[PDB]
Novice: 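I have a structure I would like to understand better, so I am pasting it below and will then ask my questions one at a time.
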Amino acid sequence: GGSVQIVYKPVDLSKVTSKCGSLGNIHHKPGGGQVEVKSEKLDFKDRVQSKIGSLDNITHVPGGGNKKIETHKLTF
Amino acid sequence: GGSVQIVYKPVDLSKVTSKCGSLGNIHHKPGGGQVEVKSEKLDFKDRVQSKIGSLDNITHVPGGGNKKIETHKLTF
Amino acid sequence: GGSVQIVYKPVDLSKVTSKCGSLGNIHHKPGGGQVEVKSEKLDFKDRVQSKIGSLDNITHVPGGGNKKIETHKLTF
Amino acid sequence: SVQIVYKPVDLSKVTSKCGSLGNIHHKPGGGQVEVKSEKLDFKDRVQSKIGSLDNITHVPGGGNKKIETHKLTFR
Amino acid sequence: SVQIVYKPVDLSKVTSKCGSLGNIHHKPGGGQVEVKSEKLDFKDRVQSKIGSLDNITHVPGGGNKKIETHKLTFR
Amino acid sequence: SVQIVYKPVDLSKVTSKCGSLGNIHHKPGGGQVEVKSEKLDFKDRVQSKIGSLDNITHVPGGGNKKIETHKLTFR
């Protein structure tokens, strides 16, 4: 007869990846030799950030989000 | 006879990748020899950032987002 | 007879990649020999950034986003 | 008839006198040594020697090689 | 008839006298040594030697090689 | 008839006298030495020697090579 065959076999092996921030870095022996601050007064007021001989690693990642939308429709 | 065959087999092996920020770097023995600040007064007021001999690694990643949209439609 | 065969087999092996910021760098022994600041007063007011012998690595990545849109449509 | 007499004679000397031999050091005096150090930074390997009076002898050499070969062949 | 008398004689000397041999040092005096160092930075290898009086002898050489071949062939 | 006498004689000397041999150093005096250093930066290898009085002897040479060959061929 006038038969109909539909085979709907879509295949997804895809990857969505975010690598965001500080990844796979090497920090080998970081630091200064000598740091000296000599004063009679240190007077810090009203939103002061002071760093003296410090080591800081700071990572902020507001991003790196993944959105995947997939839709399938078969209508006979 | 007057038959119909439809074979809907799309294949996706694709990659969507973000690599954002500080990735795979080498920092080998960073830092100054000597840092010296001599004063009688240090007077810091009202939104001061002071760095004396510090090492900072700062990474901000608001970006690096991935969006994937895929749509499939078969109408007979 | 007057049969119809449709084979719909598109294949996607594509890569979409962003590499944004500080990637794969080598920083080997960075830093000054001697840094000296000599005063009677340091007087810092109202939105001051002061760096004395510091090393800073700063990476901002608002970008590096990926958008992939794919649509498939078969109508008989 | 054939007669072969093979009588080579070796009384030879091979000698090395290498380094510091037969010296006289009568009352050697090293002075006062002062090494004052502050606020130094070293990022790589340091080798340091400090002292008043050194006698140093180093001998990688002074080796002897003697090769001797005797071949007597008849017919 | 044939007669062969192979009788070479070796009384030879091969000698190396290398370095500091037979010296006289009578009351050698190293002076006062001062090394004052401050606020120094070194990014790579440092080799340092400090001192008043040094005797240094280094001998990579003074090696002897002797080679001696004897061949007698009859027929 | 044939007679061969092979009687070479070697009384030779090969000698090397290399470096500092047979010297007299009567009351040598190194002066006072001062090395004042501040605020220095070195990006690469440093070799430093500081001192009042040095005797340095270095001998890479003074090696001896003796090669001797004796061949007697009959027929």
Side-chain angles (χ1 to χ4, degrees), chain D residues 1-25 54-75, chain E residues 1-25 54-75, chain F residues 1-25 55-75:
Chain D
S1 62
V2 182
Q3 186 180 50
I4 299 179
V5 178
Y6 187 98
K7 199 185 297 190
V9 184
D10 181 8
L11 306 110
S12 66
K13 298 188 181 183
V14 182
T15 83
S16 290
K17 284 181 176 182
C18 293
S20 300
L21 313 197
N23 295 189
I24 298 176
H25 295 273
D54 289 358
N55 300 297
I56 297 165
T57 302
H58 183 213
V59 186
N64 305 289
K65 183 177 294 188
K66 183 174 178 177
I67 301 182
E68 192 177 337
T69 293
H70 291 274
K71 186 183 294 185
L72 171 52
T73 295
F74 184 97
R75 292 187 185 207
Chain E
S1 60
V2 183
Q3 189 185 50
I4 303 181
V5 184
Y6 190 97
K7 197 184 298 186
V9 186
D10 181 4
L11 307 104
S12 64
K13 301 187 182 183
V14 183
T15 81
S16 291
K17 285 181 178 182
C18 294
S20 299
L21 317 204
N23 294 190
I24 299 174
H25 297 268
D54 302 356
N55 303 297
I56 302 173
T57 302
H58 181 213
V59 187
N64 307 295
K65 184 179 297 184
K66 184 171 175 176
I67 303 183
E68 184 176 341
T69 296
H70 291 272
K71 187 187 302 184
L72 170 52
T73 299
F74 180 96
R75 291 184 181 230
Chain F
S1 61
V2 182
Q3 187 182 51
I4 300 178
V5 178
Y6 187 98
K7 198 190 298 188
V9 184
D10 182 3
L11 304 111
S12 62
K13 299 187 183 180
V14 181
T15 82
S16 289
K17 282 177 174 173
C18 294
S20 299
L21 316 204
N23 292 187
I24 299 174
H25 297 274
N55 302 298
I56 298 165
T57 301
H58 181 213
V59 187
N64 308 292
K65 186 182 297 185
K66 182 171 178 176
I67 301 182
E68 189 174 336
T69 296
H70 293 274
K71 188 189 297 184
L72 176 54
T73 297
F74 184 98
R75 292 188 185 207

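Letters go in sequence order (proteins before strands), and every chain restarts at 1. Reckoned from all heavy atoms, side chains included, excluding hydrogens, waters and symmetry mates.
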Novice: Enter the distance from D:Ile67:CD1 to F:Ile67:CD1 here, rounded to the nearest 0.5 Å.
Specialist: 9.0 Å

Novice: Please verify the inter-ring angle class for E:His70 with D:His70; under 30° counts as parallel, over 60° as perpendicular, anything in between as tilted.
Specialist: parallel

Novice: Nearest 0.5 Å please: distance from the CZ atom of E:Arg75 over to the CZ atom of D:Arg75.
Specialist: 5.0 Å

Novice: Drop me the distance from E:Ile4's CD1 to E:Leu72's CG, to the nearest 0.5 angstrom.
Specialist: 5.5 Å

Novice: Keeping F:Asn64 on the side-chain end and E:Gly63 on the backbone end, is there a donor-acceptor pair under 3.5 Å?
Specialist: no

Novice: Report the distance from atom CD1 of E:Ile56 to atom OG1 of F:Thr57, rounding to the nearest 0.5 Å.
Specialist: 9.5 Å

Novice: Which pair of non-hydrogen atoms, one from E:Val59 and one from E:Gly19, has the smallest distance, and what is that distance?
Specialist: CG2-CA, 3.7 Å

Novice: Hey, is the main chain of E:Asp54 close enough, under 3.5 Å, to the side chain of D:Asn55 for a donor-acceptor pair?
Specialist: no

Novice: Once you round to the nearest 0.5 Å, how far does OG of E:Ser12 lie from CD of E:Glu68?
Specialist: 7.0 Å

Novice: Going by atom types alone, do F:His25 and E:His25 pair a side-chain donor with an acceptor below 3.5 Å?
Specialist: no

Novice: Check this for me, if you would: do F:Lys66 and F:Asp10 make a salt bridge, where the nitrogen-to-carboxylate-oxygen distance has to be below 4.0 angstrom?
Specialist: yes

Novice: If you compare all heavy atoms of F:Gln3 against all heavy atoms of E:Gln3, which two are closest, and at what distance to 0.1 Å?
Specialist: NE2-OE1, 2.9 Å

Novice: Distance check, rounded to the nearest 0.5 Å: E:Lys65 atom NZ versus D:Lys65 atom NZ?
Specialist: 5.0 Å

Novice: Work out which heavy atom in D:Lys7 is nearest to a heavy atom in E:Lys7; give both atom names and the distance.
Specialist: O-CG, 3.5 Å

Novice: For F:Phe74 and E:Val2, what are the C-alpha separation, side-chain angles and deciding distance, and is it a side-chain contact (heavy atoms from CB on, under 4.5 Å)?
Specialist: CA-CA 10 Å; F:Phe74 184 98; E:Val2 183; 3.7 Å; yes

Novice: Is there a donor-acceptor pair closer than 3.5 Å between any side-chain N or O of E:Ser16 and the backbone N or O of E:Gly62?
Specialist: yes

Novice: Go through the steps for F:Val9 and E:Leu11 under the test side-chain contact (heavy atoms from CB on, under 4.5 Å), then give the verdict.
Specialist: CA-CA 8 Å; F:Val9 184; E:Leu11 307 104; 4.2 Å; yes

Novice: Does E:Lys17, at its NZ atom, have more than 12 non-hydrogen atoms belonging to other residues, nucleotides or ligands within less than 6.0 Å?
Specialist: no

